[PDB]
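What the coordinates show
The lines below spell out each chain.
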Amino acid sequence: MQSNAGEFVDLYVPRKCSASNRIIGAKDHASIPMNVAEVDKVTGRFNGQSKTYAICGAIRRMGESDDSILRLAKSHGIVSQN
Amino acid sequence: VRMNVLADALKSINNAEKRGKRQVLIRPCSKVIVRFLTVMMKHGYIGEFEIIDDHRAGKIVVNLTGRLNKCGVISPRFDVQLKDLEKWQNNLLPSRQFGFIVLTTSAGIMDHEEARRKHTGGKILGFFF
Amino acid sequence: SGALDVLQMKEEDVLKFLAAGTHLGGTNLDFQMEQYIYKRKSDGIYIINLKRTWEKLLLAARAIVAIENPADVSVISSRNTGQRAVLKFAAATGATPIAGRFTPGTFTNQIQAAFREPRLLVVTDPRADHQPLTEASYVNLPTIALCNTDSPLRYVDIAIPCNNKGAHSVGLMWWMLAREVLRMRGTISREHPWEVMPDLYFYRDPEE
Amino acid sequence: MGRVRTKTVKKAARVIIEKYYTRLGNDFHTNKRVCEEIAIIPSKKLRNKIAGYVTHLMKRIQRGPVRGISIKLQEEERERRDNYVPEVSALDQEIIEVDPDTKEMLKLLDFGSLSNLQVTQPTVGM
Amino acid sequence: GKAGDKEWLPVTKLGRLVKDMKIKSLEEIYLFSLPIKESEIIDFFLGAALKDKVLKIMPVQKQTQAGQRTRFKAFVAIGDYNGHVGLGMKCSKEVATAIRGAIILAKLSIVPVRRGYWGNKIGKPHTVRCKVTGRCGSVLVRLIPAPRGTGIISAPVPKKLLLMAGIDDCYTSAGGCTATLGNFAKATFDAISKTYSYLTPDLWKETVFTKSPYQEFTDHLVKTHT
Amino acid sequence: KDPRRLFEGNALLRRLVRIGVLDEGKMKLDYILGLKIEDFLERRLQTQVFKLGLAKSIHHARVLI
RNA sequence: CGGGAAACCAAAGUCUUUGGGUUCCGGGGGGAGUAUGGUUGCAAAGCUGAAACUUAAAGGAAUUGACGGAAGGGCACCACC
């Protein structure tokens, strides 16, 4: 949303679904993401450091949010042979 | 039966993206479908596609992201006169700025921007944004 | 694997699971659950993928850690088989509770006396606990859930396939979650075994 | 019937009982005195009507827990009762009897176990 | 002014962050898609210097045992002039309450508007990025970007809403029973709100995004009560 | 660059500037689009005969003229 | 999902983001399927089908009472027994 002199105008840049790459817009409160903990490898020891995904109202109402998370969590770990 | 084949491919796509789908199998495909899928591709509105070869007429798999609000087909394929292109894009595009009208001209299936630059014109195929 | 090793399967657990008869799975699959399914037993019944049941449970556990204030993860059950179960989970991990008649207007509706703003809901039957699952979807709160093969997938992100027909399957899975979360971002340390007998989770019931 | 206690009364009874159980009694005459000590009630007829219904409750409570009333002592009693556990019941006795396939369930689960086979016949719907 | 400010106290964690000066703009809420249940939140973050115009009064009624009933319905719109607007309809026993409640309802509903350039983007957005339409029970309003000086070409009621929204220039076409005002304003309200939903190519790329002020401020938003 | 747009655009601008109605950055078409009535109204006699003392009123001005 | 004014509708969906093929009928309500000419019919009648004039609502859907010699309903010697 540039303006004349490369300036950034209007007022915000919305987050985009983690499954459908579609704008979460802005009053659709039937939607939320999901912070997964990073682990200090080895195992346990929750260390931050979120691995995070945002899922749209749409996907969730269509009886996905879950799987989407899995394509999301495995593709970037953890989660394997799902 | 079938009059056109493009219109089916486009619709199939639109319903895929509307569902929340990331792939489609269109059938049966054609040189014109390829060319249109291709113009879409150059611009980002779809990912990569693949023509599978049944010993028949073809089947295409399109992998789609989700930048696509709509890809429509115009029927019939009206003739356009260089200052009917200006009239078309206004009729059916979201802002002057973006979205393409894609037509077929003597010098190739092209988005209207490429049309304006070449300086040729022809008959209207469809659109997207 | 993933996060790197020890965290994998452990026969010890695959033993508690098979024992508690989790994997047994519903005769009616349901479409969104098809992935969980390992194989269909003759004489109709499905074998859930414990390996899959396992890993997701761990994925669940991890999402429960990462919430900073442990109190505000709500463990929920109106089902009897899961009532002592969740009460126990809330005792160990921070985790506030919601058993029995969920009470409508608990997430929407400030005014109410059971008004809660969780950052994570964990539900045990998405069909029995449909109210909480619906209310949660009125206010941007993620959901872990107990799902057998034929449970509603609407508004639930993360399933842990179970059996939820019942017995200790509901007991063990809540147990293992609390066991898992205490390990992660907790302080069990040494994704070594339990001083707590898993029976402690498990339904009570009646008297003559 | 004609005397159906109204909420203003019934509430007070649930109320007192919740905060008064070990104080209250079996007998109308005494609670009535107690309501003077533990509550401020405006007319004597009301206070009587209250004492009376709450006694009808105490008479009932002292014969079986009543649908919506909780007191510290009753909680303690349920707590102790809710301990029980024997020789224990499964056993299940030497050897599980399986339905097979459930036998093939272990057989193809990499799992030893006790055994028995009796699983045949199909198998009508309805 | 001096009348003795009230004593808002918040039900909601989102609210605590706002009063604490922890949340400062609605954008945070909008990006997070936090629901807003306490009207004061809207009041503190914006609304200050946001003006509410009452659109309509029309009365209705329904039948009692011993005959009739009748009551007042008020349609209220709220918005600064830039980028924020809300719409609220209420029916109540008394006009004042109907208006007073309507305003509250409008504020809760406040919505983002994405305002854009007819084409050559100099000196900040005059119109709309694309063309967005909204429908409410057979009335449908279509907004179209227009060149500068075009202004709001709409019916008076719609012009008023679009005005508060902060749109300078826009073309409109309306179909359906435009007469039924509650419907027409509602559709237009949906139309404007749809601008945020449009994905343009500018938007095509993604983002660590945010952690949510709810999470960072979490302690802050569990005070010392219960 | 379109001979029609160039030849007439520049002319419209130059015409609009001779009268002071318009200014240079304006003095392109992108700016006339973002213009208004006062800008014309400001150039009439009447208001000038005020604007340099020689009237002291938009009034006086019109009867003077 | 989405449609529709709703009742409803997996088609009445993919319709303002309005464009797959083709065919038919309607443009407030009454006058009227009437007059009149043509046509078909043994006959009874059928098809095509106006106007003058008349009139500001005709109509649809949902919502709610009132009311019922509709169904389960009750309650009272201002009701019966």
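Our subject is the structure listed above.
Read on for a plain summary of the structure.

Each value, and the rule that gives it
- Residues numbered from 1 in each chain as written, not as in the entry; some residues may be left out.
- Chains lettered and ligands numbered in written order.
- Part of a larger assembly, values for the part shown.
- Heavy atoms only, no water.
- Helix = DSSP H or I, 4+ residues; strand = E, 2+ residues; numbered from the N terminus.
- Rg over C-alpha atoms; globule rule 2.2 N^0.38 Å.
- Contact = heavy atoms within 4.5 Å.
- Buried area = accessible area lost by both parts, 1.4 Å probe.
- Salt bridge = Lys/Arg side-chain N within 4 Å of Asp/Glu carboxyl O.
- Nonpolar A, V, L, I, M, F, W, Y, C, P; charged D, E, K, R; others polar.
- Pairing = 2+ DSSP bridges.
- Axes fitted to C-alpha atoms, helices over the stretch in contact; angles between N-to-C directions.
- Buried < 20%, exposed > 50% of the residue type's maximum accessible area, 1.4 Å probe, protein only.
- Near = heavy atom within 4 Å.
- Polar contact = N/O pair within 3.5 Å; in protein donor to acceptor, adjacent residues only side chain to side chain.
- Core = buried A, V, L, I, M, F, W, Y, C linked by side-chain atoms within 4.5 Å.
- Domains from an automatic or database assignment.
- Parallel < 35°, antiparallel > 145°, perpendicular 65-115°, else oblique.

Within chain D, the regular secondary structure consists of five helices and zero strands. For chain D, the α and β elements follow one another from N to C terminus as α-α-α-α-α. By the compact-globule yardstick of 14 Å for 126 residues, chain D is too spread out, its C-alpha radius of gyration being 28 Å. Counting only C-alpha atoms and orienting by the principal axes, one finds that chain D spans roughly 80 × 40 × 20 Å. The long-range share in chain D, meaning contacts at least 24 apart out of those at least 6 apart in sequence, stands at 46%.

Now for the arrangement of the chains. Interchain contacts are distributed over seven pairs of chains, and the most extensive set of them lies between chains A and C. Separated in space, chain D and chain E share no contact, their closest pair of C-alpha atoms being 23 Å apart.

Another point: the interface of chain A and chain C. Taken together, the 32 residues of chain A in the interface contact 39 residues of chain C. Summed over both partners, the interface of chain A with chain C buries about 3000 Å², with 58% contributed by carbon and sulfur atoms. Here chain A is connected to chain C by zero salt bridges. At six residues, the largest contribution of residues to the side of chain A that touches chain C is made by strand β3 (residues 32-38) of chain A. Looking at side-chain class alone, the side of chain A that touches chain C contains 14 nonpolar, 10 polar and eight charged residues.

Here the focus is the sheet that holds strand β2 (residues 49-52) of chain B. All names here are of chain B. If you walk across this open sheet you meet the three strands as β1-β3-β2, and the pairing is antiparallel. Each edge of the open sheet carries a strand with a single partner, namely β1 (23-26) and β2. Neighbour to neighbour, the strand axes of the sheet diverge by 15 degrees on average, direction disregarded. One ladder, built from four bridges, connects β1 with strand β3 (residues 59-63); its direction is antiparallel. By the bridge assignment for β3, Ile 26 is matched with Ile 60.

Turning our eyes to something else, we now look at the environment of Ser18(A). All names here are of chain A. Along the polypeptide, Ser 18 turns up in the loop between β2 (7-8) and β3. We classify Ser 18 as buried; its relative accessible area is 18%. Counting along the chain gives 51 residues from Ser 18 to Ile 69, while the straight-line C-alpha distance between them is 8.2 Å. Once you skip the residues sitting within four places of it in the chain, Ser 18 turns out to touch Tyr 53, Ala 54 and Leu 72.

Here the focus is the protein's contact with RNA strand G. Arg19(B), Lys70(B), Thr64(E), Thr133(E) and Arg135(E) are the nearest of the 25 residues found near RNA strand G. Backbone atoms, meaning sugar plus phosphate, form 79% of the atoms of RNA strand G positioned within 4 Å of the protein. At 3.0 Å, a side-chain N or O of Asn15(B) approaches a sugar or linking oxygen of RNA strand G. Within the backbone of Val73(B), an N or O atom sits 3.1 Å from a sugar or linking oxygen of RNA strand G. Among the elements of the structure, α1 (6-19) of chain B together with β6 (132-136) and β7 (139-145) of chain E are those that each provide at least two residues to the surface near RNA strand G.

Attention now moves to the side chain of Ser3(A). Tracing the chain through its elements places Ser3(A) in strand β1 (residues 2-3). For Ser3(A), a relative accessible area of 8% translates into the label buried. In contact with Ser3(A), not counting residues within four places along its chain, are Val9(A), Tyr117(E) and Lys121(E).

What follows deals with the sheet that holds β7(E). Residues and elements named next belong to chain E. The four strands are arranged β6-β7-β9-β8 in an open sheet whose pairing can be described as mixed. Lying at the two open borders of the sheet, with one neighbouring strand each, are β6 and β8 (152-153). Inspection of the sheet shows β7 paired to strand β9 (residues 170-175) by six bridges, in the antiparallel sense. By the bridge assignment, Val 141 is partnered in β9 with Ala 174.

Facing 14 residues of chain B, the contacting portion of chain E comprises 15 residues. Here chain B and chain E share an interface that buries about 1200 Å² over both sides, 54% of which is from carbon and sulfur atoms. At the junction of chain B with chain E, the criterion picks out zero salt bridges. Viewed at the interface, chain E and chain B are joined by five residue pairs in polar contact.

One pass over the structure, following the stated rule, counts 18 salt bridges over all chains. Residue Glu8(F) pairs with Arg4(F) through a salt bridge whose shortest N-O separation is 3.5 Å. Here the residue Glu8(F) and the residue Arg4(F) both occupy positions in helix α1 (residues 3-18), the gap between them amounting to four residues, near one helical turn. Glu8(F) sits in the partly exposed class, given a relative accessible area of 42%. Each of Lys10(C), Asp13(C), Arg179(C), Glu180(C) and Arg183(C) takes part in one network of salt bridges that share partners.

Another point: the nonpolar core. Core analysis: the largest hydrophobic core is formed by 64 residues, its most contacted members being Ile26(B), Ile33(B), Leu37(B), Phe128(B), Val85(E), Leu143(E) and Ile192(E). Here this core gets six residues from one element, more than from any other, and that element is helix α6 (residues 182-197) of chain E. Composition of this core by domain shows at least three residues from each of domain 1 (1-68) and domain 2 (69-129) of chain B. Look past the residues within four positions of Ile26(B) in its chain and what remains in contact with it is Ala9(B), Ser12(B), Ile13(B), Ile33(B), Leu37(B), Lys59(B) and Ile60(B). Within the second largest apolar cluster, 58 residues are counted, among which are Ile59(A), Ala3(C), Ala90(C) and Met173(C).

This part covers the packing of helix α1 (residues 11-19) of chain C against helix α5 (residues 167-183) of chain C. Residues and elements named next belong to chain C. Running from N to C, α1 and α5 cross one another at 155 degrees; their axes reach a closest spacing of 10 Å. Accordingly, the angle class assigned to the pair α1 and α5 is roughly antiparallel. Along the contact surface, α1 presents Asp 13, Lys 16 and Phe 17, while α5 presents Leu 172, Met 173, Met 176 and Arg 179. The residue makeup of the contact of α1 with α5, split by class, is four nonpolar, no polar and three charged.

Right, let's get into the pairing of β6(E). Residues and elements named next belong to chain E. Burial of β6 is one-sided: the residues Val 132, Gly 134 and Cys 136 facing one way are buried, the residues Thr 133 and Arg 135 facing the other way are not. The pairing of β6 with β7 spans five bridges and is antiparallel. When the bridges of β7 are listed, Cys 136 appears paired with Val 139. Hairpin connection between β6 and β7: a loop of two residues separates the two successive antiparallel strands, and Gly 137 in this loop has a positive phi of roughly 55 degrees.

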